[PDB]
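**Q** Mind having a look at this structure? Questions to follow.
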Amino acid sequence: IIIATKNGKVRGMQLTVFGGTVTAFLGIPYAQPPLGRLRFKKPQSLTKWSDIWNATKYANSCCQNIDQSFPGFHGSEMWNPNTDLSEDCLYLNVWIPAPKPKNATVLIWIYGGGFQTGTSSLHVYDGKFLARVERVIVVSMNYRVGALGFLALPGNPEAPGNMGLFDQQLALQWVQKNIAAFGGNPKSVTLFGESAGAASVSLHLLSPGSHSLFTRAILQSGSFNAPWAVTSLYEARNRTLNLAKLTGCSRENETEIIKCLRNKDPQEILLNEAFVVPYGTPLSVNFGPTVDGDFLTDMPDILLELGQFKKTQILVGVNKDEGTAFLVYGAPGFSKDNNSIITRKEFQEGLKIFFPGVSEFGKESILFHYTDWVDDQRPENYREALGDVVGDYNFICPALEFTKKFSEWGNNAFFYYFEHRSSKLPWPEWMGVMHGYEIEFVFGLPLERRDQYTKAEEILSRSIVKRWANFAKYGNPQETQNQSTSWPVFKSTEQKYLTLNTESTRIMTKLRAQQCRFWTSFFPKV
Ligand SMILES: *[C@@H]1O[C@H](CO[C@@]2(C)OC[C@@H](O)[C@H](O)[C@@H]2O)[C@@H](O[C@@H]2O[C@H](CO)[C@@H](O)[C@H](O)[C@H]2NC(C)=O)[C@H](O)[C@H]1NC(C)=O
Ligand SMILES: Cc1nccn1Cc1cn(CC[C@@H](NC(=O)/C=N/O)c2ccccc2)nn1
Ligand SMILES: *[C@@H]1O[C@H](CO[C@@H]2O[C@@H](C)[C@@H](O)[C@@H](O)[C@@H]2O)[C@@H](O)[C@H](O)[C@H]1NC(C)=O
Ligand SMILES: *[C@@H]1O[C@H](CO[C@@H]2O[C@@H](C)[C@@H](O)[C@@H](O)[C@@H]2O)[C@@H](O)[C@H](O)[C@H]1NC(C)=O
Ligand SMILES: *[C@@H]1O[C@H](CO)[C@@H](O)[C@H](O)[C@H]1NC(C)=O
Ligand SMILES: *[C@@H]1O[C@H](CO)[C@@H](O)[C@H](O)[C@H]1NC(C)=O
Ligand SMILES: *[C@@H]1O[C@H](CO)[C@@H](O)[C@H](O)[C@H]1NC(C)=O
């Protein structure tokens, strides 16, 4: 009930799940808190301790702005942090099966949130189900987000960039050294994450420093080749002094600007984060990953293209309606509380919001490819098209392109297409299979029959959880036991993928091929 780790002793708690027991260790520090002088830099090696650490409650979530666009609405507030914010938040959690296993595959979860938001404490990231049902060990970590986590003055150790990534990377180091004591196999570790998480997983495949800290990887609706994924060094620095002039820390010795930025309280930094870009976007990663030359050694699309990544198996996938989520965060004519039937002109205005610094002709090219309908007169035509535009551009096509490029170097890759809409999904129906709403299925939440899900959803989650575990333990995401569809490898030529839903799981080819050729061949040119 007490575990001796390589820098201290931690105590956990016992949880009853499905007439079994799961040991949960909630909130174990992995770094010296990045407060004071340590704000904005790489996380520092946590020195030894003496007590029995009481890891029996989630720790602090890292400082972050809150989605306040729908106060009181579960669909949005579901994602807001559910513990205190604090700069002192570099902690992690561990779920082990009871009784303590021997050489258990380990699953490491990295949340999303546009690199600005998110926390591990979330209800839909609970690792107790996965530990119970599949007797794997689940770990998840809080990493720094927003400018506290990704402010970049390239070169400068006082703020080199990618700090939240190095946070994450330090937590994988912790699992390498400490997960044995918990009964886990450091030689069998599978990273998985969602959106910004999924982009972080793909970045750990590129970053040489991470290659020895995990074996396989799962990417849910995100990859580093996504347009929001990597910030340039050009706009990163523009973004820091714009935050400095906003805080009156405009100096000229770059190191002395940082010192100024550290005696500002975290709330002042959070407030000015928004105004740092002139024309924001619902998917505006104001502070995210950069080519720091330490974690990320080159421009990732080059590393990708030239095969400069950890060779192993990937599991990649996306949801049917990735883009709808964002239309109600600004796009004109859209709301969660009506059917959001927009016209042609509301559509065009919606393009300027999603593509503000894009040529008049560039916006026109999008309108051309998505508004030559399979048939006109349909009133949702414009509403559905803008949803798909955001989805295909921001998630679906980069995921697929990443998987093609990765598979081309000889590794097994598996691609899925999640198309079930949660019966408990709080948002309306036109928004479809929303971005993010597979996570509860992956984590085994429909398995609690007390949780209002339909029986079909329990079956689907069950199969997904098995597939995810089999990929984790055996590099192969099959469900061998029940007479279910086998999941074929994604080859660059044939491009097969597996659909996931309650009805049937069919095997299809070349998802969104026409839409993706536009986005990946003739649209990067504008
Ligand atoms: C769908 O609703 C939006 C906005 O509206 C609602 C649901 O919430 C906010 C309230 O202020 C609204 O009264 C309503 O309760 C509608 O968008 C508005 O549409 C008006 C007419 O087209 C315009 O004058 C407004 O500028 C515009 N506002 C925004 C923010 O877009 C939209 O018309 C509704 N759609 C349908 C089909 O009814
Ligand atoms: C983790 C996750 N998985 C699926 C969905 N979510 C959360 C989410 C919320 N949103 C929409 C607005 C939101 N923007 C971003 O979080 C960045 N996106 O790139 C925000 C708005 C205002 C302040 C701070 C953040 N989009 N996703
Ligand atoms: C850490 O926890 C110790 C034990 O906690 C108590 O006993 C266990 C068996 C549970 O029943 C738990 O709910 C109880 O609170 C304490 O004795 C100790 O003081 C704690 N130390 C710190 C620093 O909090
Ligand atoms: C760089 O930043 C310039 C300044 O932006 C303006 O001032 C800051 C403080 C914010 O309030 C912002 O909203 C303002 O627009 C921009 O003028 C410039 O375009 C940016 N980009 C480049 C390449 O210089
Ligand atoms: C766990 O499995 C790995 C696989 O190579 C093996 O090397 C290691 O010795 C095993 N350890 C235990 C405790 O089973
Ligand atoms: C900036 O200030 C720091 C601290 O005073 C100093 O070490 C460094 O040499 C200065 N750099 C320049 C270019 O003046
Ligand atoms: C396989 O089907 C049985 C019912 O015949 C069910 O109880 C079991 O949970 C299923 N297993 C998986 C992994 O879906």
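Here, A, B, ... name the chains of the structure tokens in the order displayed, residue numbers run from 1 inside each chain, and ligands are numbered from 1 in the same displayed order.
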What are the nearest atom pairs, with distances in Å to one decimal, for all residues of stretch 433-505 of chain A that come at most 12 Å from stretch 111-121 of chain A, using only C-alpha atoms, set out by chain and rising residue number as a tab-separated table?
**A**
residue	atom	partner	partner_atom	distance
A:435	CA	A:112	CA	11.2
A:436	CA	A:112	CA	9.1
A:439	CA	A:111	CA	10.0
**Q** I'd like the neighbourhood of residue A:459 as a list in words, where a residue qualifies if any of its atoms comes within 12 Å (using only C-alpha atoms), though same-chain residues fewer than 2 positions away should be ignored.
**A** residues 441, 442, 444, 445, 446, 447, 448, 449, 453, 454, 455, 456, 457, 461, 462, 463, 464, 465, 466, 482, 484, 500, 501, 502, 503 and 504 of chain A
**Q** For the residues in that selection, give me N, CA, C and O atoms as a compact mmCIF listing (two decimals), in the first residue's frame.
**A**
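Result file is part33.txt:
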# COMPACT_ATOMS: atom_id res chain seq x y z
N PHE A 441 -14.87 7.06 -24.42
CA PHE A 441 -14.96 5.67 -24.85
C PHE A 441 -13.63 4.97 -24.68
O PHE A 441 -13.58 3.84 -24.19
N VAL A 442 -12.55 5.65 -25.04
CA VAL A 442 -11.21 5.09 -24.86
C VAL A 442 -10.94 4.75 -23.40
O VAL A 442 -10.29 3.74 -23.10
N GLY A 444 -13.08 3.96 -20.98
CA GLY A 444 -13.88 2.91 -20.40
C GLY A 444 -15.04 3.39 -19.58
O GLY A 444 -15.48 2.69 -18.66
N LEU A 445 -15.53 4.58 -19.86
CA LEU A 445 -16.57 5.22 -19.06
C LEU A 445 -17.95 4.59 -19.32
O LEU A 445 -18.73 4.43 -18.37
N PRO A 446 -18.28 4.21 -20.57
CA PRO A 446 -19.53 3.46 -20.79
C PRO A 446 -19.54 2.09 -20.14
O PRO A 446 -20.56 1.38 -20.18
N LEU A 447 -18.43 1.67 -19.55
CA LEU A 447 -18.41 0.36 -18.91
C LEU A 447 -19.10 0.38 -17.55
O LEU A 447 -19.57 -0.67 -17.09
N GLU A 448 -19.19 1.54 -16.90
CA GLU A 448 -19.97 1.64 -15.67
C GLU A 448 -21.44 1.70 -16.06
O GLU A 448 -21.94 2.73 -16.51
N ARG A 449 -22.14 0.57 -15.89
CA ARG A 449 -23.55 0.49 -16.27
C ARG A 449 -24.40 1.52 -15.53
O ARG A 449 -25.50 1.83 -15.98
N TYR A 453 -25.09 5.34 -20.09
CA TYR A 453 -24.79 5.00 -21.47
C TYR A 453 -25.62 3.82 -21.94
O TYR A 453 -26.07 2.98 -21.15
N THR A 454 -25.85 3.75 -23.25
CA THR A 454 -26.60 2.62 -23.77
C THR A 454 -25.73 1.37 -23.81
O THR A 454 -24.50 1.43 -23.77
N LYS A 455 -26.40 0.22 -23.89
CA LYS A 455 -25.69 -1.05 -23.98
C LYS A 455 -24.77 -1.08 -25.19
O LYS A 455 -23.64 -1.58 -25.12
N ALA A 456 -25.24 -0.55 -26.32
CA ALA A 456 -24.39 -0.53 -27.51
C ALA A 456 -23.10 0.24 -27.25
O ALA A 456 -22.04 -0.15 -27.74
N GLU A 457 -23.17 1.32 -26.47
CA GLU A 457 -21.96 2.08 -26.17
C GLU A 457 -21.02 1.30 -25.26
O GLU A 457 -19.79 1.34 -25.44
N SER A 461 -17.20 0.71 -26.38
CA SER A 461 -16.09 1.04 -25.49
C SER A 461 -15.28 -0.20 -25.16
O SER A 461 -14.04 -0.20 -25.25
N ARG A 462 -15.97 -1.28 -24.81
CA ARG A 462 -15.30 -2.53 -24.49
C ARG A 462 -14.34 -2.93 -25.59
O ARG A 462 -13.19 -3.29 -25.33
N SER A 463 -14.80 -2.89 -26.84
CA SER A 463 -13.96 -3.30 -27.95
C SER A 463 -12.79 -2.32 -28.14
O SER A 463 -11.64 -2.73 -28.32
N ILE A 464 -13.08 -1.03 -28.06
CA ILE A 464 -12.05 0.00 -28.15
C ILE A 464 -10.99 -0.19 -27.07
O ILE A 464 -9.78 -0.16 -27.33
N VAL A 465 -11.43 -0.36 -25.82
CA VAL A 465 -10.48 -0.53 -24.74
C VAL A 465 -9.58 -1.73 -24.99
O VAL A 465 -8.35 -1.66 -24.84
N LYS A 466 -10.16 -2.86 -25.41
CA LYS A 466 -9.35 -4.01 -25.77
C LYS A 466 -8.36 -3.66 -26.87
O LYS A 466 -7.15 -3.94 -26.76
N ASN A 482 -13.85 -12.11 -29.69
CA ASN A 482 -15.17 -12.06 -30.28
C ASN A 482 -15.03 -11.87 -31.79
O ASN A 482 -14.01 -11.35 -32.27
N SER A 484 -14.94 -10.23 -34.39
CA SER A 484 -14.96 -8.82 -34.77
C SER A 484 -14.02 -8.55 -35.94
O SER A 484 -13.11 -9.34 -36.23
N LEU A 500 -15.28 3.09 -36.44
CA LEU A 500 -15.67 2.67 -35.11
C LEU A 500 -17.06 3.22 -34.81
O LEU A 500 -17.29 4.42 -34.97
N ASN A 501 -17.96 2.34 -34.37
CA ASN A 501 -19.31 2.75 -34.00
C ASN A 501 -20.05 1.51 -33.50
O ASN A 501 -19.57 0.38 -33.59
N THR A 502 -21.28 1.75 -33.04
CA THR A 502 -22.08 0.68 -32.45
C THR A 502 -22.58 -0.29 -33.51
O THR A 502 -22.54 -1.51 -33.30
N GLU A 503 -23.08 0.22 -34.63
CA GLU A 503 -23.65 -0.65 -35.65
C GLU A 503 -22.63 -1.66 -36.16
O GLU A 503 -22.61 -2.82 -35.75
N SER A 504 -21.78 -1.21 -37.07
CA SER A 504 -20.82 -2.05 -37.76
C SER A 504 -19.47 -1.36 -37.76
O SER A 504 -19.39 -0.13 -37.82
**Q** Hey, what's within 12 Å of residue A:231 if we count only C-alpha atoms and toss same-chain stuff fewer than 3 positions away? As a ChimeraX atom specification, please?
**A** /A:114-115,150-152,161-162,224-228,234-239,277,284-292,296,299-300
**Q** Could those residues be written to a file, using N, CA, C and O atoms, as a tab-separated table (two decimals), in the first residue's frame?
**A**
chain	number	residue	atom	x	y	z
A	114	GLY	N	-5.29	22.73	-26.69
A	114	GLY	CA	-4.66	23.74	-27.52
A	114	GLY	C	-3.31	24.24	-27.05
A	114	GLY	O	-2.88	25.31	-27.48
A	115	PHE	N	-2.64	23.47	-26.18
A	115	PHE	CA	-1.41	23.86	-25.46
A	115	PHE	C	-1.61	25.06	-24.56
A	115	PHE	O	-0.63	25.69	-24.15
A	150	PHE	N	5.29	27.74	-22.74
A	150	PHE	CA	5.81	27.72	-24.11
A	150	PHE	C	6.32	29.07	-24.58
A	150	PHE	O	6.72	29.18	-25.75
A	151	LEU	N	6.32	30.09	-23.73
A	151	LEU	CA	7.05	31.31	-24.03
A	151	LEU	C	8.45	30.96	-24.53
A	151	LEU	O	9.14	30.14	-23.92
A	152	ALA	N	8.84	31.56	-25.65
A	152	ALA	CA	10.09	31.19	-26.31
A	152	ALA	C	10.88	32.44	-26.69
A	152	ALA	O	10.39	33.29	-27.45
A	161	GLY	N	11.66	27.88	-24.62
A	161	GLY	CA	10.53	27.32	-25.32
A	161	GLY	C	10.34	25.86	-24.96
A	161	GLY	O	11.17	25.23	-24.31
A	162	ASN	N	9.20	25.33	-25.39
A	162	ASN	CA	8.88	23.90	-25.24
A	162	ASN	C	8.94	23.39	-23.79
A	162	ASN	O	9.08	22.18	-23.57
A	224	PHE	N	1.71	16.76	-35.19
A	224	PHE	CA	2.53	17.98	-35.24
A	224	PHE	C	2.42	18.70	-36.58
A	224	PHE	O	2.69	19.90	-36.64
A	225	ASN	N	2.09	18.01	-37.68
A	225	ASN	CA	1.94	18.69	-38.96
A	225	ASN	C	0.64	19.43	-39.04
A	225	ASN	O	0.20	19.77	-40.15
A	226	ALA	N	-0.03	19.69	-37.87
A	226	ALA	CA	-1.30	20.39	-38.00
A	226	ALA	C	-1.06	21.90	-38.00
A	226	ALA	O	-0.10	22.38	-37.40
A	227	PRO	N	-1.87	22.69	-38.71
A	227	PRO	CA	-1.55	24.12	-38.82
A	227	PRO	C	-1.44	24.82	-37.48
A	227	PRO	O	-0.63	25.75	-37.36
A	228	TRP	N	-2.20	24.41	-36.47
A	228	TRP	CA	-2.10	25.03	-35.14
A	228	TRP	C	-0.96	24.45	-34.31
A	228	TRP	O	-0.64	25.01	-33.25
A	234	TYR	N	9.57	33.14	-35.94
A	234	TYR	CA	9.19	34.51	-36.29
A	234	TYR	C	8.07	35.00	-35.38
A	234	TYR	O	8.24	35.98	-34.64
A	235	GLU	N	6.91	34.34	-35.41
A	235	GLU	CA	5.81	34.85	-34.60
A	235	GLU	C	5.98	34.56	-33.11
A	235	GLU	O	5.44	35.31	-32.30
A	236	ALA	N	6.74	33.53	-32.72
A	236	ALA	CA	6.98	33.30	-31.29
A	236	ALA	C	7.57	34.54	-30.63
A	236	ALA	O	7.08	35.01	-29.60
A	237	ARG	N	8.63	35.08	-31.22
A	237	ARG	CA	9.28	36.23	-30.60
A	237	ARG	C	8.40	37.47	-30.70
A	237	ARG	O	8.29	38.22	-29.73
A	238	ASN	N	7.74	37.69	-31.85
A	238	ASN	CA	6.75	38.77	-31.92
A	238	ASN	C	5.76	38.64	-30.77
A	238	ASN	O	5.34	39.63	-30.17
A	239	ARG	N	5.44	37.39	-30.40
A	239	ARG	CA	4.44	37.14	-29.38
A	239	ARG	C	4.96	37.41	-27.98
A	239	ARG	O	4.18	37.78	-27.10
A	277	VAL	N	-1.82	37.96	-30.27
A	277	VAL	CA	-2.03	37.88	-31.71
A	277	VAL	C	-3.08	38.93	-32.09
A	277	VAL	O	-4.05	39.13	-31.34
A	284	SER	N	-6.61	29.18	-31.69
A	284	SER	CA	-5.42	30.01	-31.71
A	284	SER	C	-4.54	29.51	-30.58
A	284	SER	O	-4.83	29.74	-29.40
A	285	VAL	N	-3.51	28.76	-30.96
A	285	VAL	CA	-2.45	28.40	-30.04
A	285	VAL	C	-1.55	29.60	-29.87
A	285	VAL	O	-0.56	29.77	-30.60
A	286	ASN	N	-1.88	30.46	-28.91
A	286	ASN	CA	-1.09	31.66	-28.67
A	286	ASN	C	0.34	31.34	-28.24
A	286	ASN	O	1.26	32.08	-28.58
A	287	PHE	N	0.55	30.25	-27.51
A	287	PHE	CA	1.88	29.87	-27.05
A	287	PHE	C	1.98	28.36	-27.14
A	287	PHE	O	1.36	27.65	-26.34
A	288	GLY	N	2.74	27.86	-28.10
A	288	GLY	CA	2.88	26.44	-28.26
A	288	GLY	C	4.29	26.03	-28.61
A	288	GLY	O	5.26	26.77	-28.43
A	289	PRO	N	4.41	24.81	-29.10
A	289	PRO	CA	5.73	24.26	-29.42
A	289	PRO	C	6.47	25.11	-30.44
A	289	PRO	O	5.88	25.65	-31.38
A	290	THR	N	7.79	25.20	-30.27
A	290	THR	CA	8.63	25.83	-31.27
A	290	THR	C	9.84	24.95	-31.54
A	290	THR	O	10.14	24.02	-30.79
A	291	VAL	N	10.52	25.26	-32.64
A	291	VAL	CA	11.81	24.64	-32.93
A	291	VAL	C	12.85	25.25	-32.00
A	291	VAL	O	13.56	26.19	-32.35
A	292	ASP	N	12.94	24.71	-30.80
A	292	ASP	CA	13.88	25.22	-29.82
A	292	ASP	C	15.32	24.80	-30.12
A	292	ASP	O	16.26	25.40	-29.58
A	296	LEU	N	13.12	20.06	-29.99
A	296	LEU	CA	12.88	19.96	-31.42
A	296	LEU	C	14.10	20.50	-32.14
A	296	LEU	O	14.41	21.69	-32.05
A	299	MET	N	12.82	21.76	-38.20
A	299	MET	CA	11.42	21.98	-38.55
A	299	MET	C	10.73	20.64	-38.74
A	299	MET	O	11.13	19.86	-39.61
A	300	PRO	N	9.70	20.32	-37.95
A	300	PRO	CA	9.22	18.93	-37.89
A	300	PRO	C	8.74	18.37	-39.21
A	300	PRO	O	8.94	17.18	-39.49
**Q** Hey, which residues sit close to ligand 4? Say within 12 Å, counting only C-alpha atoms and all ligand atoms, and write them as a ChimeraX atom specification.
**A** /A:232-250,271-280,286,357
**Q** If we count only C-alpha atoms and set the cut-off at 8 Å, which residues sit around stretch 207-221 of chain A, ignoring sequence neighbours fewer than 6 positions away in its own chain? Please answer as a ChimeraX atom specification.
**A** /A:169,172-173,176,186-195,197-199,201,295-297,309-310,312-319,322,395-396,399,435-436,472,475
**Q** What are the closest atom pairs, with distances in Å to one decimal, for each residue of chain A lying within 6 Å of ligand 1, using only C-alpha atoms and all ligand atoms, rows by chain and rising residue number, as a tab-separated table?
**A**
residue	atom	partner	partner_atom_place_in_ligand_line	distance
A:332	CA	ligand 1	31 (O)	4.3
A:333	CA	ligand 1	31 (O)	4.0
A:334	CA	ligand 1	3 (C)	5.7
A:335	CA	ligand 1	2 (O)	5.0
A:337	CA	ligand 1	7 (C)	5.3
A:338	CA	ligand 1	1 (C)	5.0
A:339	CA	ligand 1	37 (C)	5.9
A:340	CA	ligand 1	35 (N)	5.0
A:341	CA	ligand 1	37 (C)	4.9
**Q** Counting only C-alpha atoms and all ligand atoms, name the residues that have an atom within 12 Å of an atom of ligand 3; the answer should be given as a PyMOL selection string.
**A** chain A and resi 1-2+9-14+50-57
**Q** Select the residues contacting ligand 5 at a distance of at most 9 Å, based on only C-alpha atoms and all ligand atoms, then format the selection as a list in words.
**A**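 Checked against 9 Å with only C-alpha atoms and all ligand atoms; the hits are residues 102, 103, 104, 180, 183, 184, 185, 186, 187 and 188 of chain A.
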**Q** Select the residues contacting ligand 6 at a distance of at most 10 Å, based on only C-alpha atoms and all ligand atoms, then format the selection as a list in words.
**A**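 The residues within 10 Å of ligand 6, counting only C-alpha atoms and all ligand atoms, are residues 252, 253, 254, 255, 256, 257 and 259 of chain A.
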